[PDB]
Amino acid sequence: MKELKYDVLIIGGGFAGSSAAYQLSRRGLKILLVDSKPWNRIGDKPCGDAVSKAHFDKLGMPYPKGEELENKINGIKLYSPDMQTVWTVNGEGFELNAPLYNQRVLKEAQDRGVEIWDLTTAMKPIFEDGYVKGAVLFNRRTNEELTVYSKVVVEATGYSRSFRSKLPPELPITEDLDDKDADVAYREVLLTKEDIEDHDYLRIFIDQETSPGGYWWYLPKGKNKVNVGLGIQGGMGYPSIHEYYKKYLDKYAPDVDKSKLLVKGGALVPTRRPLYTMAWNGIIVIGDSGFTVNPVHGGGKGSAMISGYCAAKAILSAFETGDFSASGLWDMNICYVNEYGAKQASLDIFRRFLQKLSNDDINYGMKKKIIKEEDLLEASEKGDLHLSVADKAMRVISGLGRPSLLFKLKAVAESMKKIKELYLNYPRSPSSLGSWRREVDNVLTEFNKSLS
């Protein structure tokens, strides 16, 4: 078959892959990005399409404009299980036309010298001499089966992780996903009968009975259009997620016109700390494939862009040293951990605590204001549950006369703080990975026991 040589092969053109291509462009490298979807459909994986504005500023990413920006978001309304307590959390964000924005990032990267093949699937990894050295591609637009060699492969294949899973199991980069460390999520976009009240605000509903292990959402895409859906924790034996959706849709969305459905469907969402290493010999993994999703609120498009940024930085460093080993790409880990990874680890622990709380706990905690909306933001943006904040909450929880998991909040804050310092002390070299990884596992396995 035909053989081609590139500096970098990016597999997948989602928020992760496209950002990697964008950040790597016009810097002296020959880059190819492939995606199985046709161009017009790239980026249409079922999503809430809600991204914070702060993510776009930090990375120097182009703002969504025009048709790409469907609705401006100014805050979030968080509802308690009994619908009695509503927390308001302010912050600027965007409700996106995800495919339109994604395709512009790709189009601009293409204008900056990056080559993009749509309708192309990476079938087989080229793994020779202990290194990832490229892939076998199938371009069905030209019906060609091409062999592409690269110094670095960027695996950004989404939740399917369809490429790195085909690599030898001895590689740390093939770390798989535990069922309980993910949520199955489903959404629909419909037009509403009446105009949406406070359409610049997102609505998040917490209820362990209508969406166990996750939550329901009501995300306005306009004055008369809304993205409504839910997520539940996997590997718990719960029935099909569509059963939850059909049963409780009217409770959270009574205003939608069910005869005006635009899109529907669901997918898997990682809800854990990232891959213990997102880099190895000749390969970097980003996005959902590298578990870059926020463990608490399940947002992963902003962090996907972050992972793409770090992927670009690490690759450029590798070429300046002629080192494409794990050691030569190790800055990928250091960058992402500081940027988002350390937060994920802390939030991984906090998630496990939150998912085990009852509706009574959540109703009590929100009505009695154990933590402020302000001090909640700090938890979901820096991953920090300050020991002073936890103490303040524990004084309120002390007024509860019934048994509850809430009494362990201080211990949770200490565990979050512990694993945070552990990730900030991420190994400087690949030779310290195994030791560091086992220490992380010990923190988690210990924590899981403390919640019982």
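Heads up: residue numbers just count along the shown sequence, starting at 1.
Mean CA B-factor, 273 to 281 versus 255 to 263: the higher value falls on 255 to 263.
Here the stretch with the larger average CA B-factor, out of 78 to 86 and 129 to 137, is 78 to 86. Across the options 370, 116, 314, 152, the residue with the most elevated CA B-factor in the record is 370.
Residue set 48, 60, 43, 427: peak C-alpha B-factor at 60 (per PDB entry). Sort the modelled residues of the chain by CA B factor and residue 359 lands in the highest third.
Among the modelled residues of its chain, residue 420 has a C-alpha B-factor that falls in the middle third, as given in the PDB entry. In this PDB entry, residue 366 carries a Cα temperature factor that places it within the highest third of its chain's modelled residues.
Among all modelled residues in its chain, residue 33 ranks in the lowest third by Cα B-factor. In this PDB entry, residue 108 carries a Cα temperature factor that places it within the middle third of its chain's modelled residues.
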